[PDB]
Structure formats: structure tokens, C-alpha cells
>>> print(open('my_file.txt').read())   # compact mmCIF, C-alpha atoms
# COMPACT_ATOMS: atom_id res chain seq x y z
CA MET A 1 -1.71 -0.90 4.78
CA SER A 2 0.99 0.14 7.39
CA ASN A 3 -1.69 0.76 10.11
CA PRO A 4 -2.32 -1.71 13.04
CA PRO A 5 -4.84 -4.59 12.38
CA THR A 6 -8.58 -4.21 13.25
CA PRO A 7 -11.67 -6.52 13.64
CA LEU A 8 -13.15 -7.99 10.40
CA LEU A 9 -15.47 -10.84 11.66
CA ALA A 10 -18.70 -9.36 10.08
CA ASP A 11 -17.40 -6.92 7.36
CA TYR A 12 -20.01 -8.21 4.81
CA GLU A 13 -22.68 -10.99 4.83
CA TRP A 14 -26.25 -9.52 4.56
CA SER A 15 -25.84 -5.82 3.46
CA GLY A 16 -26.89 -6.83 -0.13
CA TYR A 17 -30.48 -6.96 1.29
CA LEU A 18 -30.51 -3.09 1.39
CA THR A 19 -27.64 -2.23 -1.06
CA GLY A 20 -29.82 -3.93 -3.76
CA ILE A 21 -32.37 -1.05 -3.41
CA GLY A 22 -30.06 1.74 -2.05
CA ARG A 23 -28.02 1.68 -5.33
CA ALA A 24 -31.15 2.85 -7.27
CA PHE A 25 -31.15 6.25 -5.43
CA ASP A 26 -27.39 6.45 -6.29
CA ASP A 27 -27.39 5.79 -10.12
CA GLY A 28 -24.56 8.32 -10.93
CA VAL A 29 -22.19 6.40 -8.54
CA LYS A 30 -23.81 2.89 -8.83
CA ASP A 31 -21.08 2.34 -11.49
CA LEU A 32 -18.17 2.66 -8.98
CA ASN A 33 -20.30 1.13 -6.17
CA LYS A 34 -20.61 -2.05 -8.35
CA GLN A 35 -16.79 -2.03 -8.85
CA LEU A 36 -16.34 -1.73 -5.05
CA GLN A 37 -18.91 -4.50 -4.29
CA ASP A 38 -16.97 -6.66 -6.83
CA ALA A 39 -13.81 -5.84 -4.79
CA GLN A 40 -15.77 -6.79 -1.62
CA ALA A 41 -16.72 -10.14 -3.31
CA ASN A 42 -13.09 -10.97 -4.27
CA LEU A 43 -12.65 -10.07 -0.59
CA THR A 44 -15.70 -12.20 0.42
CA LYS A 45 -13.93 -15.22 -1.15
CA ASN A 46 -10.96 -14.49 1.18
CA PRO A 47 -11.73 -11.61 3.69
CA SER A 48 -8.04 -10.67 4.24
CA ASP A 49 -6.44 -11.88 0.99
CA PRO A 50 -3.93 -9.03 0.54
CA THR A 51 -4.57 -8.43 -3.22
CA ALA A 52 -8.35 -8.60 -2.61
CA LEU A 53 -7.86 -6.16 0.28
CA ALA A 54 -5.39 -4.01 -1.72
CA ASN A 55 -7.99 -4.04 -4.54
CA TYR A 56 -10.86 -3.11 -2.18
CA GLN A 57 -8.68 -0.38 -0.54
CA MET A 58 -7.65 1.02 -4.01
CA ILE A 59 -11.22 0.98 -5.41
CA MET A 60 -12.42 2.40 -2.04
CA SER A 61 -9.86 5.24 -2.36
CA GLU A 62 -11.43 6.03 -5.79
CA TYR A 63 -15.01 5.46 -4.45
CA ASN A 64 -14.58 7.83 -1.50
CA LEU A 65 -12.78 10.53 -3.59
CA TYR A 66 -15.43 10.46 -6.38
CA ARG A 67 -18.23 10.65 -3.74
CA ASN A 68 -16.44 13.69 -2.18
CA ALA A 69 -16.20 15.27 -5.67
CA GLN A 70 -19.95 14.53 -6.27
CA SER A 71 -20.77 16.21 -2.88
CA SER A 72 -18.56 19.18 -4.00
CA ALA A 73 -20.60 19.35 -7.26
CA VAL A 74 -23.91 19.28 -5.27
CA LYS A 75 -22.51 22.08 -2.97
CA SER A 76 -21.84 24.12 -6.20
CA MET A 77 -24.92 23.20 -8.35
CA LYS A 78 -26.17 26.87 -8.50
CA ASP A 79 -22.80 27.89 -10.07
CA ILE A 80 -22.56 24.74 -12.33
CA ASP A 81 -25.99 25.76 -13.80
CA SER A 82 -24.17 28.83 -15.37
CA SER A 83 -20.45 27.68 -15.36
CA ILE A 84 -20.80 23.95 -16.30
CA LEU A 85 -17.66 21.84 -15.54
CA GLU A 86 -17.33 18.04 -15.07
CA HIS A 87 -15.76 17.15 -11.66
CA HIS A 88 -14.07 13.89 -12.91
CA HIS A 89 -10.25 14.12 -12.42
CA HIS A 90 -6.97 12.35 -11.42
CA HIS A 91 -4.51 15.28 -10.96
CA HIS A 92 -5.47 17.51 -7.94
>>> encode(input="my_file.txt", output="C-alpha cells")
Amino acid sequence: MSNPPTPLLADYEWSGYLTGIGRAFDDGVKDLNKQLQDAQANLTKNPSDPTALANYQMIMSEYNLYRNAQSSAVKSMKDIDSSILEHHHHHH
């Protein structure tokens, strides 16, 4: 938000051509990836509409955090196999 502006001329147009198949090797995050692509489509309708962009930035904050928590689970999978604990959270 408060940061300087940056280029946005080609932020999305054709990436669906490979996201359409990439999502199927990502099925445990495809859920939030769909929510973020829906943000990116409310954004596609107006690329710098500030609620669309606030929405995309908010869903992207959740997307990136949940992907980091999924990578933390993968880094710990040998321990989770004996000490099972879901990594879904809000407080940190």
C-alpha cells in the first residue's frame, strides 16, 4: 500500500494457459490459488482498482503465508509422521 508505484502493464493475460495444468500438481493449495486467481480477475476487470488490489494483496498475504506454512510442514514431514499437527493458523 504505502510503497512507491511499480509497472503493471502485463501483470496477467495468458498465464491461465499453464496455471490450468500447474494447479493439478498443487491440489492442497489449489483452494487458495483459486481464491487468489478470483482476486486477480476482479483485478483483471480493473488492474489497479484499489479494492480489487487490496483484495488481491490481502488474499496474496494469506496465499504466501499458507504456502510458507506448507513448506514448513514438508521440511518437518519425518517428525509429523510421529507427532501429527495441522499447520493451519491465524495467531503466530
>>> closest_residue(input="my_file.txt", among="A:59, A:84, A:1, A:77", to="residue 31 in chain A", atoms="only C-alpha atoms")
A:59
>>> residues_around(input="my_file.txt", residues="residue 29 in chain A", least_positions_apart="5", cutoff="12 Å", atoms="only C-alpha atoms", output="MDAnalysis selection string")
chainID A and resid 22:24 34:36 62:71 88
>>> atom_distance(input="my_file.txt", atom1="CA of residue 5 in chain A", atom2="CA of residue 42 in chain A")
19.6 Å
>>> residues_around(input="my_file.txt", residues="residue 48 in chain A", least_positions_apart="5", cutoff="9 Å", atoms="only C-alpha atoms", output="PyMOL selection string")
chain A and resi 8+43+53
>>> write_last_selection(input="my_file.txt", atoms="C-alpha atoms", output="PDB file, keeping the file's coordinate frame")
ATOM      1  CA  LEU A   8     -13.150  -7.990  10.400  1.00  0.00           C
ATOM      2  CA  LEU A  43     -12.650 -10.070  -0.590  1.00  0.00           C
ATOM      3  CA  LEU A  53      -7.860  -6.160   0.280  1.00  0.00           C
TER       4      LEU A  53
END
>>> atom_distance(input="my_file.txt", atom1="CA of residue 39 in chain A", atom2="CA of residue 52 in chain A")
6.5 Å
>>> closest_residue(input="my_file.txt", among="A:44, A:33, A:83, A:76", to="residue 60 in chain A", atoms="all atoms listed in the file")
A:33
>>> closest_residue(input="my_file.txt", among="A:85, A:9, A:91, A:16", to="residue 46 in chain A", atoms="all atoms listed in the file")
A:9
>>> atom_distance(input="my_file.txt", atom1="CA of residue 75 in chain A", atom2="CA of residue 56 in chain A")
27.8 Å
>>> closest_residue(input="my_file.txt", among="A:37, A:15, A:57, A:72", to="residue 86 in chain A", atoms="only C-alpha atoms")
A:72
